[PDB]
Amino acid sequence: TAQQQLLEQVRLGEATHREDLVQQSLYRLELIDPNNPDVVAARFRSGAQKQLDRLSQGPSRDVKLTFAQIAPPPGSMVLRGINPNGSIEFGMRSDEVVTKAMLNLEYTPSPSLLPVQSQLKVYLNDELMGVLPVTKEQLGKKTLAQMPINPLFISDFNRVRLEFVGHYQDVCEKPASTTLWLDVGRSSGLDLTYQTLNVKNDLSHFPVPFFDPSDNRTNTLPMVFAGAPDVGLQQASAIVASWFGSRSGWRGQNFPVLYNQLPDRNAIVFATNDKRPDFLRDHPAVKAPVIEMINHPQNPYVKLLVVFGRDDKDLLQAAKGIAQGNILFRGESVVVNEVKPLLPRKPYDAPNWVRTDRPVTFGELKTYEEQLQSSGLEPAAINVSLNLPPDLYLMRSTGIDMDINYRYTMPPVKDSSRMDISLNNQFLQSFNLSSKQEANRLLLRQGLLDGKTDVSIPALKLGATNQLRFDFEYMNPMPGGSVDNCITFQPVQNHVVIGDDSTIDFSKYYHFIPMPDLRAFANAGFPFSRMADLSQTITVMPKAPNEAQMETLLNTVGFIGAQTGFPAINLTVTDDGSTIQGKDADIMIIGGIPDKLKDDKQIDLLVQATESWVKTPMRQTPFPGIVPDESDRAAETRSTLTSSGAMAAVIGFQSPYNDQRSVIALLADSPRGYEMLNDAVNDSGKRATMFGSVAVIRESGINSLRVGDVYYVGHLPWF
């Protein structure tokens, strides 16, 4: 049984005195079956009296994880004497257990390294589990190696570390030399199998059965309705999708929808008191909004979440309660009472976005403790990734001012070691590390130096996302002395630390951005992401939406709430285009166009049935400047073509009701085109290839362009 392996892991962890493994195993055995006396006794070992009180009272998946997918970008790894460690990380869900795991390697040792002495080691969260010595027959040839992985040592989050220690000379070998290396091919990878378990129908660990942060793959939980949902039900589903997208984050969001059809995976079921789904028939009527989880009628391995309410208002209340907290999930059939309204949100208050009104310390930008430090012969570059609003604008002034406090080891040379600051892989400035020792006396034979630096960056172009990089480049002397009698310096590991007191400020920027620019929409959700809860957005959805339109709306709202750090609890989904007249908000149109906005002549592309037309700009440049050129973006020709092919596009134009407000519409003509539009929307890689004002999505790919009038949104004072 799986619980037997869980208890074996439990006793293994206590034998190794590792609290992380045992705690995860307990969480798992309690998830699968918390009723047996064994789990309550094991929890007693891990207050203590309560455990004694209650004590007295499947399908499997085979996956391939090659180095080309879960390694640094190039995939291939080169291990040297300065960077001999290489890590590969993967995660296991809390509802699945790994039975068999195998590691396959394909490496080529350098021809010059000494045999036997040079060996390659593997570490699965430490726990040295084998060494691979280098023989004479494999000194300079490609080798195939296979080594099993013990399943009992695998936890929720774990990595495998490849340590390469090698030598090429007995005496006077040069460190950091290129003669020693060990290239690891990208074809190498792991080989493990996961097995699902029939977890208990308990809502206490919400939403682990439906979404667990341990899984690093895309979260694709579907949704099921009764068919042709009403306006309020669409709003509730959009709110739930936004909350789930915010919770998932960068994993990827995809919410397929079904109409009165059972799914084949964990899904959310929306069922009012009336028009109940066919499989939910004979469920007793409810008087209050209630949330419960029920097993799939066919197999118990699929867990379904059912949201029940008297009417669409109760469903909206339940969705708003789910988006917020204080629900206190426990057992099943948890009811949601009146939910307090959310407090008003200041613009640009997204939790993910870095604060702009006040200086931001490096401590809050740090995600894990070991991010702001490095060690080794050549310390690794410290990377600090910060998400920024996409409308930051600089108007002839000093840009990002940042104070840096750092600690570094004393360099061997006086005035050679430098610290390099790079933004978006662009060199910014260099600072020389001080030293108090001459090189001539280095052949003769304890503190840590401190440093303070003030840095100002022009930063004309920032973008939706960016990262920093601090490179500490030392000079390491080679062996010297006389030729007949040489002396080699023993390598010493040097540590570089960036203090948390370092602050970065963006208070000298302005919220100005040319429009229409859907690249910011693709990367940050602008302008709907200006309000974290989407309190200034109206969604125009077609009457009686089909599956494709519901899926497109769900995916768009999920990605918008994923780029933003907060769910959209105040989104307003409408059914007709007449109500948006005389309103001050950003209108997002899904699958179609209102007749009043379709003949305003600001539209640069309109796909209607088999006929579509586009306004070609005058001249398109691959790399535009900061200031848009109106002459270049002026329309030149309008060509209309008709064909049976499937196509979709996303366009943006100024709202005809307000100068500041903007309208972005997603349009499709055929179900295939809807499929391609969904795929482009939910895919992060494809969504980053769109810019300008019109972005067509054909089978070849996405070919965007910029055309039309330019309207500026924001506040810009005198100059």
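Residues numbered from 1 in each chain as written, not as in the entry; some residues may be left out. Heavy atoms only, no water.

Structure determination for this entry is recorded as cryo-EM, at 3.18 Å resolution.

Colleague: Which parts of the structure should I look at to understand the sheet that holds strand β35 (residues 611-617)?
Modeller: Each strand in a sheet pairs with its neighbour through backbone hydrogen bonds, running either in the same direction (parallel) or in the opposite one (antiparallel). If you walk across this open sheet you meet the 3 strands as β34-β35-β36, and the pairing is antiparallel. A single partner strand is all that each edge strand has here, and the edge strands are β34 (605-608) and β36 (635-642). Within the sheet, the average angular offset between the axes of one strand and its neighbour, ignoring direction, is 15 degrees. In this sheet, β36 lies alongside β35 in antiparallel orientation, the contact comprising 7 bridges. Paired with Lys615 across the strands is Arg638, a residue of β36. (Pairing = 2+ DSSP bridges. Helix = DSSP H or I, 4+ residues; strand = E, 2+ residues; numbered from the N terminus. Axes fitted to C-alpha atoms, helices over the stretch in contact; angles between N-to-C directions.)

Colleague: Hey, could you run me through the sheet that holds strand β13 (residues 267-272) in this one?
Modeller: Read from one edge of the open sheet, 6 strands run β12-β11-β13-β15-β14-β16, paired in mixed fashion. Where the open sheet ends on each side, the last strands, each with one partner, are β12 (257-259) and β16 (334-335). Of the pairings in the sheet, the one linking β13 to strand β15 (residues 303-309) comprises 6 bridges and is parallel in character. Across the sheet, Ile268 pairs through a bridge with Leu305, a residue of β15. Against the sheet, helix α6 (residues 231-248) makes contact with β11 (223-225) and β13, and its axis sits at roughly 155 degrees relative to β13, the strand it touches most. (Contact = heavy atoms within 4.5 Å.)

Colleague: Which parts of the structure should I look at to understand helix α10 (residues 547-563)?
Modeller: In an α-helix, one turn spans 3.6 residues; hence positions three or four apart end up facing the same way. The end-to-end C-alpha separation of α10 is 24 Å, in line with the 24 Å expected for 17 residues at 1.5 Å each. A side-chain oxygen of the first residue of α10 lies 2.8 Å from the backbone nitrogen of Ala548; this N-cap is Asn546. (Expected span 1.5 Å × (residues − 1). Polar contact = N/O pair within 3.5 Å; in protein donor to acceptor, adjacent residues only side chain to side chain.)

Colleague: Sorry, what's going on with the packing of aromatic side chains here?
Modeller: Each pair of aromatic rings is reported with the distance of its centres and the angle of its planes. The tally for this structure, following the rule as stated, stands at 17 aromatic pairs. Judged by centre distance (6.4 Å) and plane angle (75 degrees), the ring pair of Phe206 and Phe244 falls under edge-to-face. You can see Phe206 sitting in the loop between β10 (189-196) and β11 and its partner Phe244 sitting in helix α6, a full 38 residues away along the chain. When sorted by exposure, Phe206 lands in the same class as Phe244, which is buried. In this structure, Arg161 is placed above the aromatic ring of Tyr123, and the distance from its NZ or CZ to the ring centre is 4.2 Å. Its guanidinium or amino end placed over the ring of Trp613, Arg638 lies 5.7 Å from that ring's centre, counting from NZ or CZ. (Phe/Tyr/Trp six-rings, centres within 6.5 Å; stacked < 30°, edge-to-face > 60°. Buried < 20%, exposed > 50% of the residue type's maximum accessible area, 1.4 Å probe, protein only. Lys NZ or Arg CZ within 6 Å of the ring centre and 35° of its normal.)

Colleague: What am I meant to see in empty space enclosed by the protein here?
Modeller: If you roll a probe as big as a water molecule over the atoms, it shows you where there is empty space left. Each pocket or cavity is described by its volume, and for the largest cavity that value is around 80 Å³. Looking at the lining of the largest cavity, the elements with two or more residues in it are α10 and α12 (671-682). Counting residues per element, the lining of the largest cavity draws most heavily on α12, at 3 residues. Across the lining of the largest cavity, the residue classes break down as 9 nonpolar, 1 polar and 1 charged. (1 Å grid on protein atoms, 1.4 Å probe; cavity = no way out; pocket = protein on both sides within 12 Å on 5 of 7 lines; lining within 4 Å. Points joined across faces, edges and corners; volume = space filled by probe spheres on them. Nonpolar A, V, L, I, M, F, W, Y, C, P; charged D, E, K, R; others polar.)

Colleague: Quick question: what am I supposed to make of the nonpolar core here?
Modeller: Where a protein is soluble and globular, its nonpolar side chains tend to be buried together. With 68 residues, the main nonpolar core has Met223, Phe225, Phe244, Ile268, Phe270 and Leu554 as its most contacted residues. Element by element, the count of residues in this core is highest for α6, at 8 residues. Of the domains in this structure, domain 3 (223-335) and domain 5 (514-714) are the two that each give at least three residues to this core. Discounting residues that sit within four places of it in the chain, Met223 has contacts with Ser237, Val240, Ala241, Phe255, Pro256, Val257, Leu258, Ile268, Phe270 and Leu554. In terms of nonpolar packing, the next biggest core, distinct from the first, is built from 35 residues, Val354, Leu365, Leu423 and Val496 among them. (Core = buried A, V, L, I, M, F, W, Y, C linked by side-chain atoms within 4.5 Å. Domains from an automatic or database assignment.)

Colleague: Honestly, the pairing of strand β33 (residues 586-590) in this entry has me stumped. Any pointers?
Modeller: Looking along a regular strand, one sees side chains alternate from face to face of the sheet. Taking burial as the measure, the 5 residues of β33 include 5 buried ones, the bulk of the element. Of the two faces of β33, the one carrying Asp586, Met588 and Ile590 and the one carrying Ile587 and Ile589 are both buried. Pairing of strand β31 (residues 537-540) with β33 involves 4 bridges; the strand directions are parallel. Bridge assignment links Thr539 to a residue of β33, and that residue is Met588. In this structure, β33 lies alongside strand β38 (residues 662-668), joined through 4 bridges in parallel fashion.

Colleague: In this structure, what is going on with the state of the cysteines? I would like to understand it.
Modeller: By definition, a disulfide links the sulfur atoms of two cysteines through a covalent bond. Counted by the stated rule, this structure contains 0 disulfides. Take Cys172: it sits in no disulfide, and the sulfur closest to it among the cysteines is that of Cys486, at 3.9 Å. Residue class for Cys172 comes out partly exposed when judged on its relative accessible area of 23%. Take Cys486: its relative accessible area is 39%, and that puts it in the partly exposed class. (Disulfide = S-S within 2.5 Å.)

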